[PDB]
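Worksheet for the structure shown next.
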Amino acid sequence: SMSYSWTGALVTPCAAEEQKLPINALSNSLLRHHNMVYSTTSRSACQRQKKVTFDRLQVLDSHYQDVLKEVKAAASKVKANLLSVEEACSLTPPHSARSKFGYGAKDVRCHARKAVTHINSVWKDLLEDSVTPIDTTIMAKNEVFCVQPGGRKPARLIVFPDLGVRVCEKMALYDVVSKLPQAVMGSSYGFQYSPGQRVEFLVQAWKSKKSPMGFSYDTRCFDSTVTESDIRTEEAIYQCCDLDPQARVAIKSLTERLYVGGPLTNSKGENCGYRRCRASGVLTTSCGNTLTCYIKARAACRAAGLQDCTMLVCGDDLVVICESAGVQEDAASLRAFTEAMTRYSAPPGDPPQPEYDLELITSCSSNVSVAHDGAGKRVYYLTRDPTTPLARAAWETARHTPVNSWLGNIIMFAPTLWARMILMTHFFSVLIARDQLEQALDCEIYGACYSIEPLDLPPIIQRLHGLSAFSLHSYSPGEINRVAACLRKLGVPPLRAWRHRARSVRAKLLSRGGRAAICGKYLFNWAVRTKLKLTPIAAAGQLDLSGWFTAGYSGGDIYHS
Ligand SMILES: C=C(C)COc1ccc([C@H]2C3=C(CC(C)(C)CS3(=O)=O)Nc3c(O)cccc3N2C(=O)c2nc(C)oc2C)c(F)c1
């Protein structure tokens with residue numbers, strides 16, 4: 001079966017799409033080489049369509065079936081509930097795509113009668129029709145990157161059903177996709193961990209091995225590798241739970257009418273083609289991808305003869321750490337792993353490489369690195385190449401965007417050199433300049449949208465990373481070099497310039513008192529030689545962070561609050 005078939009109609013925009021980073025004084029103060037920063041647009045959709053379109057050959061075997069049985073057995077212990085229309089409405093993001101039926105996200109969030117009447121009709125139709133494919137829209141994502149001269153990445157494609165259907169997905173499946181993944185994959189389910197917990201997991205997994213070896217496995221176009229049988233298997237797993245009778249009907253209908261495939265319509269209403277793989281923009285994308293990746297990977301580890309594996313799975317992202325059998329044996333085992341994954345429909349982009357140092361493994365864009373606290377104690381933390389974060393931060397300074405990656409990056413990468421010295425300094429300075437310090441902003445954590453107050457960053461950071469996040473120094477030479485080269489590449493001022501700026505920002509924050517002063521004291525202690533004593537933040541204990549690290553929701557149109 002082909003992942004997609006196409007009619008020749010274009011993937012079309014629904015508004016003008018700005019291509020190049022605009023010139024703005026505040027954005028330019030972060031990053032000057034604006035010609036190297038671009039947004040993907042519908043203009044490159046054809047290139048992406050070509051890449052994501054291929055035939056899937058899938059052959060399953062006894063290891064695969066053995067793992068599937070384990071998963072179904074674990075699922076049978078789960079109880080999940082329906083959400084009410086009101087509950088589902090409250091999970092809809094404020095800038096969720098408008099319905100084609102005359103209402104938008106705001107109407108959903110305020111339980112407007114036109115929205116609710118339509119939602120109720122969609123629900124009824126799910127209960128009454130289990131077969132007619134549901135329409136989806138195909139759009140080109142507008143995402144910002146820095147050039148790497150094949151130059152520019154083509155746009156990723158998002159495929160999503162109508163707003164009314166999305167609310168019904170929440171009613172049928174929000175509780176399932178929030179509970180089931182952790183229950184059936186246990187410690188391997190990556191989205192249950194804060195950043196601090198994720199680094200603890202990876203480090204302990206590595207340390208526990210006599211002679212560790214690890215790798216990341218990069219499936220080429222994972223969504224396109226997911227077969228109709230994969231998606232029906234997911235449905236069978238969902239049905240192992242104790243569910244409400246109406247949920248069972250809706251879940252089957254959603255599977256058969258939406259998740260397994262369906263027609264692709266552009267923003268002009270034209271038929272673009274037909275999908276027989278994973279939809280990138282449905283509630284079950286993260287759960288389904290994670291389950292499918294886990295099942296295939298766990299089976300493939302057995303096929304590969306890998307010894308004492310520890311896996312960490314987040315959607316299509318897979319890390320395995322295991323006991324080395326020797327260099328040639330390990331290399332052969334990774335070839336066998338790849339052959340198994342390939343048989344299961346998931347061949348690699350880049351072939352996996354065995355790594356014998358933890359820092360060399362990249363997972364969810366990130367690698368483990370080490371710094372030191374004030375007493376010379378090694379502290380592990382997750383970092384990443386800052387290029388994309390910085391490029392997006394510059395864009396988000398020049399233009400108002402619905403969701404701010406910069407805030408998510410500060411939250412998730414708070415212990416890093418670059419988040420601390422550059423992102424914190426820049427954004428506190430911009431927020432002060434624009435008189436926006438007190439304003440909550442939308443960002444994403446594991447794909448769910450949150451409204452977060454920047455003045456709450458210090459206790460958030462303490463909870464996610466530990467108090468040491470405000471005291472790290474003596475970073476690794478390789479990390480320092482990577483950041484430095486990024487700054488030269490992008491025309492970002494050097495770190496010592498940011499330090500000078502941070503001293504001013506800090507004094508301004510301290511002068512304001514309250515939460516602002518806590519931001520000055522804790523976030524910018526690094527910028528002064530005469531340091532303040534950083535004691536545990538009282539507010540940290542009081543923060544309700546329930547649901548932050550429960551499940552992944554990228555593509556699933558979820559808002560938490
Ligand atoms: C704890 C760590 C420090 C390391 O582990 C992480 C770190 C971050 C995420 C979140 C996020 C990001 C950007 C952020 C921070 C700005 C927001 S985020 O937390 O949602 N990036 C990434 C990646 O760069 C790579 C993979 C997945 C995601 N993420 C997704 O959820 C996601 N899934 C899809 C299909 O696409 C995306 C963007 C994650 F899941 C795991």
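FYI, nothing fancy with the structure tokens labels: chains A, B, ... in order, residues from 1 per chain, ligands from 1 as they appear.
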Give one line per residue of region 358-459 of chain A that approaches region 545-554 of chain A to at most 8 Å, naming the two atoms of the closest pair and their distance in Å to one decimal, counting only C-alpha atoms; sort by chain then ascending residue number and deliver it as a tab-separated table.
residue	atom	partner	partner_atom	distance
A:445	CA	A:548	CA	7.0
A:446	CA	A:552	CA	5.1
A:447	CA	A:554	CA	3.7
A:448	CA	A:553	CA	5.4
Could you list, as a PyMOL selection string, all protein and nucleic acid residues with an atom at most 8 Å from ligand 1, counting only C-alpha atoms and all ligand atoms?
chain A and resi 190-191+193-196+198-199+280+286+314-317+363-367+382-383+389+404-413+443-448+552-555
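By chain and then residue number, the residues within 9 Å of region 428-436 of chain A are residues 26, 397, 423, 424, 440, 454, 501, 502, 504, 505, 506, 508 and 509 of chain A, counting only C-alpha atoms and disregarding those fewer than 4 positions away in sequence.
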If you run DSSP on this backbone, which residues of region 232-446 of chain A come out as helix (DSSP H, G or I), and could you give them as a ChimeraX atom specification?
/A:232-238,245-259,285-304,327-343,358-360,387-398,405-412,417-433
Go through A:312, A:247, A:486, A:23 one by one, measure the shortest atom-to-atom distance of each to residue 192 (chain A) using only C-alpha atoms, and give the residue with the smallest value.
A:312
Within 8 Å of region 35-49 of chain A, counting only C-alpha atoms, which residues show up once you throw out same-chain ones fewer than 6 positions away? Write them as a PyMOL selection string, please.
chain A and resi 10-13+17-21+139-147+152-157+391+490
Preceding selection exported with N, CA, C and O atoms as a compact mmCIF listing (two decimals), in the first residue's frame:
# COMPACT_ATOMS: atom_id res chain seq x y z
N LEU A 10 -2.53 21.30 -5.63
CA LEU A 10 -1.48 21.81 -4.76
C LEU A 10 -1.94 21.87 -3.34
O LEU A 10 -3.13 22.01 -3.05
N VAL A 11 -0.97 21.80 -2.44
CA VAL A 11 -1.22 22.17 -1.06
C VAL A 11 -1.16 23.69 -1.04
O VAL A 11 -0.15 24.28 -1.44
N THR A 12 -2.26 24.31 -0.61
CA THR A 12 -2.46 25.75 -0.75
C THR A 12 -2.43 26.44 0.61
O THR A 12 -2.78 25.84 1.62
N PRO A 13 -1.98 27.70 0.62
CA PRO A 13 -2.03 28.49 1.84
C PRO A 13 -3.42 29.07 2.12
O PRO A 13 -4.25 29.15 1.21
N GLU A 17 2.22 34.06 3.46
CA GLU A 17 3.25 33.39 4.23
C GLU A 17 4.57 34.13 4.06
O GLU A 17 5.16 34.11 3.00
N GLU A 18 5.01 34.79 5.12
CA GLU A 18 6.27 35.51 5.15
C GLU A 18 7.43 34.50 5.11
O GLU A 18 7.43 33.53 5.87
N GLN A 19 8.39 34.73 4.22
CA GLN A 19 9.43 33.74 3.89
C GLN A 19 10.75 33.96 4.61
O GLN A 19 11.43 33.00 4.96
N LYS A 20 11.11 35.23 4.77
CA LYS A 20 12.41 35.63 5.27
C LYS A 20 12.23 36.33 6.61
O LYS A 20 11.25 37.04 6.83
N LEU A 21 13.18 36.13 7.53
CA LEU A 21 13.12 36.85 8.81
C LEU A 21 13.07 38.35 8.55
O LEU A 21 13.94 38.87 7.85
N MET A 139 -2.24 20.91 5.07
CA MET A 139 -1.61 22.26 5.06
C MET A 139 -0.10 22.11 5.15
O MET A 139 0.40 21.14 5.74
N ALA A 140 0.62 23.09 4.61
CA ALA A 140 2.07 23.16 4.80
C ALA A 140 2.33 23.96 6.06
O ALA A 140 1.79 25.06 6.22
N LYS A 141 3.10 23.38 6.96
CA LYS A 141 3.51 24.07 8.18
C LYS A 141 4.49 25.20 7.86
O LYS A 141 5.32 25.07 6.96
N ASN A 142 4.38 26.28 8.61
CA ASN A 142 5.31 27.39 8.52
C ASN A 142 6.19 27.33 9.75
O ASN A 142 5.78 27.76 10.85
N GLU A 143 7.38 26.76 9.57
CA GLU A 143 8.33 26.60 10.64
C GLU A 143 9.63 27.26 10.25
O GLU A 143 10.00 27.27 9.07
N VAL A 144 10.32 27.80 11.24
CA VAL A 144 11.50 28.62 11.02
C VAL A 144 12.78 27.84 11.25
O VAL A 144 12.91 27.08 12.23
N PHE A 145 13.74 28.04 10.36
CA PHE A 145 15.03 27.37 10.44
C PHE A 145 16.11 28.32 9.96
O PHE A 145 15.81 29.38 9.40
N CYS A 146 17.36 27.90 10.16
CA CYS A 146 18.53 28.53 9.57
C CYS A 146 18.97 27.70 8.38
O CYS A 146 18.92 26.48 8.41
N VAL A 147 19.41 28.37 7.32
CA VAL A 147 19.91 27.67 6.14
C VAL A 147 21.11 26.80 6.46
O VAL A 147 21.90 27.11 7.35
N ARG A 152 17.39 25.01 1.85
CA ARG A 152 16.16 25.09 2.64
C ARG A 152 15.37 23.78 2.73
O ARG A 152 15.19 23.07 1.74
N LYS A 153 14.88 23.48 3.93
CA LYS A 153 14.04 22.31 4.15
C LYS A 153 12.67 22.57 3.54
O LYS A 153 12.15 23.68 3.66
N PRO A 154 12.08 21.55 2.89
CA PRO A 154 10.70 21.74 2.48
C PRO A 154 9.77 21.73 3.68
O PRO A 154 10.11 21.20 4.74
N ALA A 155 8.60 22.34 3.53
CA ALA A 155 7.63 22.40 4.61
C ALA A 155 7.21 20.98 5.01
O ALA A 155 7.03 20.11 4.16
N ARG A 156 7.03 20.75 6.30
CA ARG A 156 6.31 19.57 6.74
C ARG A 156 4.83 19.78 6.45
O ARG A 156 4.34 20.90 6.30
N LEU A 157 4.10 18.68 6.39
CA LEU A 157 2.69 18.72 6.07
C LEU A 157 1.93 18.30 7.30
O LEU A 157 2.34 17.38 7.99
N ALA A 391 17.03 30.92 15.95
CA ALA A 391 16.37 31.42 14.73
C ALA A 391 14.90 31.69 15.00
O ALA A 391 14.36 32.74 14.62
N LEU A 490 25.26 32.80 13.04
CA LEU A 490 23.98 33.54 12.98
C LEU A 490 24.11 35.04 13.18
O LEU A 490 23.13 35.76 13.06
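The two atoms in question, CA of residue 54 (chain A) and CA of residue 2 (chain A), are spaced 5.4 Å apart.
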Between CA of residue 539 (chain A) and CA of residue 521 (chain A), what is the distance in Å, rounded to a tenth?
14.4 Å
